[PDB]
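Here's a structure for you.
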Ligand code: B12
Ligand code: NA
Ligand code: NA
Ligand code: NA
Ligand code: NA
Ligand code: NA
Ligand code: NA
Ligand code: NA
């Protein structure tokens with residue numbers, strides 16, 4: 001391979017594949033902080049061309065962290081279909097981009113081809129895509145999973161109901177659930193980040209969620225987003241199991257930062273299969289987001305996009321029901337503004353779909369970043385046209401306890417009625433019987449939690 | 001009428017309606033330049049609330065430039081259906097916003113209500129809309145016109161083929177036409193900004209466009225975007241008349257700057273009716289964009305959003321086939337970056353639709369602005385979801401003579417296939433008979449201008 | 001041009017285009033009275049052949065009344081698209097007939113071609129059409145307009161509710177409105193010919209009509225068919241404006257007979273636009289009928305068909321929501337029997353559609369003509385298959401005050417259910433919600449005015 | 001081993017299974033526009049995107065690029081400036097680049113001829129390259145034409161950070177019957193050489209509007225050649241002095 005190109009008569013040389021992959025990124029505050037970003041637009045473009053010219057082999061054989069050094073690298077590499085890899089290993093990344101985007105490449109074509117990819121190769125493709133490339137490419141790569149709802153079917157759009165409370169007060173939690181359900185939110189999951197990471201508390205929250213599910217016979221699933229170890233404890237001890245959640249990171253060191261062993265995810269699958277109230281075969285929920293590895297000093301000189309792609313590669317091993325990036329969850333140090341957050345969301349979603357996972361996005365931002373609610377509205381609509389599997393919902397997007405702004409319950413109804421998309425078909429049935437939705441639209445009496453009393 | 005409120009215990013008072021309209025705007029480059037922007041975030045919110053509390057009557061009765069002093073104000077005021085106005089004059093702008101957005105407000109409801117607005121009221125409404133408000137509100141207000149194609153039908157999406165050349169070289173112009181047609185661009189118009197504004201040259205450029213239309217029997221229309229007087233001349237003297245074009249401004253002073261008298265637009269309509277090769281009843285084409293008035297010293301202390309909306313009140317009087325903003329055509333001084341250009345595009349489009357015109361957008365930026373091609377792709381997709389009637393198309397979006405970047409031919413095909421939207425129905429039929437489109441998608445043979453040879 | 005043919009060896013010469021146009025008519029009592037009719041069937045046919053051989057130019061340049069002598073001639077001629085005229089001016093009338101009737105001539109084709117016609121040319125075509133030609137030709141020329149209802153869409157059939165009372169008694173008027181609405185009549189208009197032509201009375205009638213419209217929120221419009229001057233007075237003075245009505249005539253002298261200035265129609269458009277409760281852009285209502293010019297001594301030697309065509313040419317200038325001929329309204333002196341009245345109705349409707357106006361027909365007759373109710377039933381069904389825009393309705397067809405018989409409320413339901421046609425889509429929605437109509441058919445509880453109490 | 005700025009990169013035809021590839025070469029030659037690059041589904045081919053992005057990097061650089069005062073001093077031109085002090089402020093304050101700074105006025109009154117028939121004024125405006133690349137070729141023959149068949153030729157000078165409307169103040173201070181302005185227009189994606197001329201008969205700040213100007217845009221080797229443009233400007237000038245009018249007040 002070449003690590004060198006000339007552009008307008010000036011030679012642009014790079015040290016290694018890693019450097020090329022980093023500098024090819026669109027500018028973000030994260031890559032600058034990590035000190036891996038291009039020096040100018042010229043060198044950004046030169047890196048893109050060098051990358052576009054490397055083969056699948058070139059990139060597959062040069063992972064950011066070495067096989068024998070990193071359990072996540074080993075997981076990713078060990079999961080390759082070597083027959084699919086052998087068909088494409090001599091393709092340039094340029095050629096792989098064009099393949100993904102081609103109207104003559106079908107869903108079934110991509111289904112086999114994607115098995116010959118590693119996360120690094122997935123990343124390389126994302127790096128040479130425009131914003132429209134990322135949206136259109138992602139849209140022609142649907143990924144459908146099933147718990148008690150079916151998510152990911154083209155023409156549909158799901159949503160997590162996020163009824164968080166600063167005190168985990170079951171009244172406040174319930175209040176927001178009735179509100180979200182009235183806007184048709186919750187077909188992805190009813191998921192709470194709890195305050196105490198504690199068996200008694202987890203079951204109490206879970207009991208709260210499932211009290212509403214069981215009372216109205218809602219086709220959905222509940223989740224409490226504490227450490228995977230504590231959710232497993234609670235479910236083993238009798239609490240209702242829906243989805244089992246873990247945050248992940250794309251290196252072994254990253255996982256250690258989070259207190260996560262791979263064997264915990266094995267165990268979560270096993271517990272799911274013994275205990276969980278799930279009809280379909282998918283029951284895991286992962287969450288990701290650009291900058292985690294960097295925060296943990298676990299990026300090993302790699303840009304945050306390449307690292308984020310490694311998360312999806314890890315996730316794919318466990319066939320989760322849903323994954324989402326929490327796109328602007330941390331702050332300006334990794335993603336500074338509107339511009340950069342939109343790009344990252346489009347990148348994250350496209351890479352997730354290319355990796356063949358059930359990829360959603362928490363379109364969100366924080367109050368110390370250069371961002372506002374109009375950003376979340378721009379981004380949610382773009383991602384929806386990309387076939388984004390699901391977004392979040394809270395009352396007006398205000399999390400009273402995680403201290404950021406995500407999408408409103410309003411925003412899911414907006415997206416759905418704007419783009420003629422429907423909920424998960426099972427959930428849509430339930431909304432119709434409750435008189436909340438007719439022909440994909442909120443009825444006159446929707447958006448009113450007192451409807452449930 | 002209250003020109004004051006209290007936010008967090010602080011009293012916010014404004015001089016007049018005009019100040020309220022200015023300081024309610026989301027932050028942009030041009031407002032700061034005009035000296036009319038908010039001093040802080042709180043004051044912007046306070047201006048928004050004060051404005052939301054004003055009545056339709058409050059705003060209608062305080063145009064930005066006086067009736068007696070401004071022929072554009074007169075035109076807008078004299079066009080009001082006073083019976084519709086009387087129904088709504090006691091509504092607050094907040095109640096009008098909520099009415100526009102309501103799913104119980106139909107297209108026919110809005111049909112009558114909008115006749116009671118003036119542009120200042122249109123603008124007021126826009127100022128208290130979030131980005132998703134502007135998109136969803138615009139989408140539920142379709143505006144449909146008909147030349148040789150029908151434009152604006154929900155579920156369709158049209159494009160201007162902009163085959164501009166540095167020398168007006170008929171070979172270069174023809175080359176770009178064939179290329180654009182191969183991507184399904186040109187259902188809005190095939191429209192050239194010429195280098196020389198003389199009759200012989202205008203006739204030659206028209207002869208070039210119509211040579212192609214006539215040879216392949218394309219259902220569409222041509223246009224040469226010179227001064228309206230010169231077009232009229234050419235057409236009277238025998239050139240093929242399609243659409244008649246004029247750039248406009250929202251004040252009488254601004255029109256003077258442009259060299260345009262209202263009588264010229266009357267005449268253009270008369271000339272269209274006697275000469276033009278148009279089946280339907282619409283044949284005018286206007287172009288607008290935020291900053292034009294301010295540049296012309298013709299905003300009289302009003303902001304660029306309020307002034308832009310007045311462009312639409314003017315245009316509506318002449319029932320044009322199409323109108324578009326050229327959203328980022330000028331430079332960073334009026335709209336600085338991605339964020340500001342997107343917002344402006346959503347505003348302009350929402351305001352045009354609310355004014356009842358056939359509103360499209362040239363999603364574009366300049367090289368001295370903090371913007372890139374990813375911006376055009378973000379905005380074009382958002383505007384498509386909003387039911388934007390049309391965008392532009394140039395090869396890769398690079399205009400070799402107007403020195404800016406607009407959308408590529410690729411972008412229209414992308415938008416159509418991403419959102420399952422169709423061209424104008426008459427043009428779609430033509431594309432299918434050419435073997436260029438099947439079921440709304442580019443065939444294998446598409447995208448190759450050599451197909452016409 | 002030739003004004004001469006030989007037929008079975010006998011030379012048939014004619015004086016001028018006017019003579020040819022008159023004698024080409026199918027026999028009617030009117031042309032005999034006017035003294036312009038053929039002397040035999042042979043000379044009728046010879047005139048038809050001579051006419052069929054003249055060009056569009058021949059006829060366009062020879063109007064029944066000269067440009068400088070007649071304001072209606074000037075209106076008609078000044079409205080020609082000279083580019084469309086230049087394409088067809090060398091066609092024979094034979095060739096224009098065949099063009100109109102061709103299955104390869106589309107609605108869009110006719111849309112442009114019709115702009116190159118004058119009323120005289122429209123007449124010439126009608127004169128060489130059989131009854132089936134007139135029906136099929138008219139059917140392939142839809143003309144769609146919109147007030148608060150949409151009229152003219154193929155597959156639909158509208159109706160004027162005509163609740164006239166000898167004393168303008170608001171109870172009698174209201175009684176017939178509830179009756180008509182119960183049969184699904186009124187989507188065209190609720191139109192009253194009043195007894196007193198007087199502001200207080202007009203507003204009282206209008207108040208009556210709109211009381212029913214406003215109470216049941218009916219998507220329609222009301223009208224009082226007094227002189228246009230008095231309707232304008234009343235509407236200016238605060239009465240509800242729906243459609244503004246004027247009877248018209250195809251010469252300047254004819255208009256003088258009726259006390260109509262062209263500037264009154266200009267003013268009615270302007271008043272409509274300031275005052276009227278109309279969502280769409282059409283608000284005028286014209287009425288015509290063979291023999292008016294003759295009655296007024298204003299035919300200037302022209303047959304009544306050619307004169308009637310000049311009415312449509314006048315009407316087209318003002319883009320009315322609806323026009324109808326009042327086919328048998330006057331008496332046997334102009335149209336003697338069944339035969340002649342059917343022919344005239346088919347002629348009037350075809351010419352109206354060819355002129356590009358929203359053409360309906362009052363299928364009616366008088367008690368001194370050789371005619372009965374079975375005539376109205378024959379004619380209404382034929383015209384309905386022709387795509388006639390609307391007919392009238394009164395209780396059983398008996399006007400208690402204009403002293404003639406039009407169509408029953410029954411007849412609109414009959415036509416609709418016979419031919420699988422629907423009401424204006426907006427009105428159909430309203431009938432469905434009232435439980436009057438289901439799938440285009442009157443429900444069990446329709447035809448009962450007490451349904452409204 | 002492709003340089004994206006190379007002539008080869010520019011002439012690249014990317015249509016996959018073209019109906020008539022010989023036509024595509026002909027078409028690509030017809031135009032400087034980015035035709036015949038083909039597609040991947042509905043999206044641009046990778047190479048076309050890459051060159052676009054490469055050109056864009058170069059374009060941005062030309063926006064902020066300034067002429068040395070060493071270069072203008074060597075042109076023997078007087079240098080003056082608007083109220084603007086730098087490139088960053090120029091981009092954000094149009095109102096300031098439309099006004100002379102208070103020492104500009106005093107330099108012009110002390111160093112330029114009063115009341116000329118024709119005044120040439122030169123500014124970098126939005127693209128330095130437009131005047132640097134074009135200058136030796138347009139400027140001399142222009143002011144040759146004006147004296148060679150003509151009359152009172154004013155003394156030419158450079159306005160830094162200028163915008164077109166600054167020529168109205170200039171015409172008032174010098175009492176010019178005609179003012180002609182060569183100014184860089186905003187840079188395009190692939191080109192920054194494009195020069196325009198904005199000319200007015202007897203302008204006044206308080207009265208003259210934009211339509212009172214005649215524009216001649218797209219001056220450069222790839223549009224209207226500088227030598228040739230200079231002759232059309234000389235012609236225009238003398239027609240303005242004859243007609244006592246410019247732009248939208250000039251016959252045919
Ligand atoms: C930007 C721009 C505008 C802006 C205004 C200027 C601005 N940018 O702030 C807006 C969007 C208002 C605009 C409007 C119109 N413009 Co303009 N404009 C341009 C453009 C793209 C840039 C010029 C530039 O950068 N100048 C250099 C900078 C440094 O000067 P500035 O002080 O910042 O800007 C001044 C000039 O741009 C001037 N100007 C801009 N356009 C025109 C047109 C004419 C005829 C005149 C006399 C002056 C003029 O107005 C500004 C003063 O505030 C050129 C295309 C090009 N290749 O240059 C077309 C261009 C100059 N405009 C053109 C035209 C015709 C128009 C319009 C008449 C409508 C139309 N048909 O498009 C209107 C009204 C023009 C007028 N009489 O004022 C033509 C001029 C042809 C000619 N020789 O007569 C051009 C050349 C493009 C084209 N090929 O059609 N335009
Ligand atoms: Na359990
Ligand atoms: Na960090
Ligand atoms: Na005044
Ligand atoms: Na009234
Ligand atoms: Na008579
Ligand atoms: Na330039
Ligand atoms: Na030029």
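One is the number of the first residue shown, and numbering goes on along the chain from there.
According to its header, the structure was obtained by X-ray crystallography, 2.1 Å.
Any Cβ shown, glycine's included, is placed from N, Cα and C.
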Quick one: which of D:164, D:227, D:232, D:234 does Swiss-Prot put in the adenosylcob(III)alamin site with D:185, D:215?
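That adenosylcob(III)alamin site, as Swiss-Prot gives it, pairs D:185, D:215 with D:164.
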Are there any residues at least 6 positions away along the chain from residue D:215 (adenosylcob(III)alamin binding site) with a Cβ closer than 8 Å to its Cβ? List them or say none.
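The list for residue D:215 (adenosylcob(III)alamin binding site) reads D:196, D:197, D:198, D:247, given in order along the sequence.
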Listed binding-site residues are D:164, D:185, D:215; which sit with C-beta under 6 angstroms of ligand 7?
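What lies within reach of ligand 7, judged by Cβ under 6 Å, is D:185.
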Could you tell me which of the binding-site residues D:164, D:185, D:215 sit with their CB under 8 A from some CB of chain A, listed in sequence order (or 'none')?
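Nothing passes the 8 Å Cβ test.
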With a radius of 8 angstroms around the mean position of the C-beta atoms of D:164, D:185, D:215, what other residues of the same chain does the adenosylcob(III)alamin site pick up?
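Going along the sequence, the neighbours come out as D:125, D:181, D:183, D:196, D:197, D:198, D:217.
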Could you tally the C-beta atoms, other than its own, that fall within 10 angstroms of the C-beta of residue D:164 (adenosylcob(III)alamin binding site)?
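Step by step: centre on the Cβ of residue D:164 (adenosylcob(III)alamin binding site), count other Cβ atoms within 10 Å, giving 22.
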Over the residue list D:164, D:185, D:215, recorded for adenosylcob(III)alamin, what is the maximum interresidue Cα distance in Å?
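Taking every pair of listed residues, the largest Cα separation comes to 12 Å.
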Using all protein chains in view, find how many other C-beta atoms are within 10 Å of the C-beta of residue D:185 (adenosylcob(III)alamin binding site).
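Result for residue D:185 (adenosylcob(III)alamin binding site): 22 neighbouring Cβ atoms inside 10 Å.
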Translate the DSSP assignment of residue D:185 (adenosylcob(III)alamin binding site) into the three-state scheme.
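Looking at the DSSP assignment, residue D:185 (adenosylcob(III)alamin binding site) belongs to neither helix nor strand, so coil.
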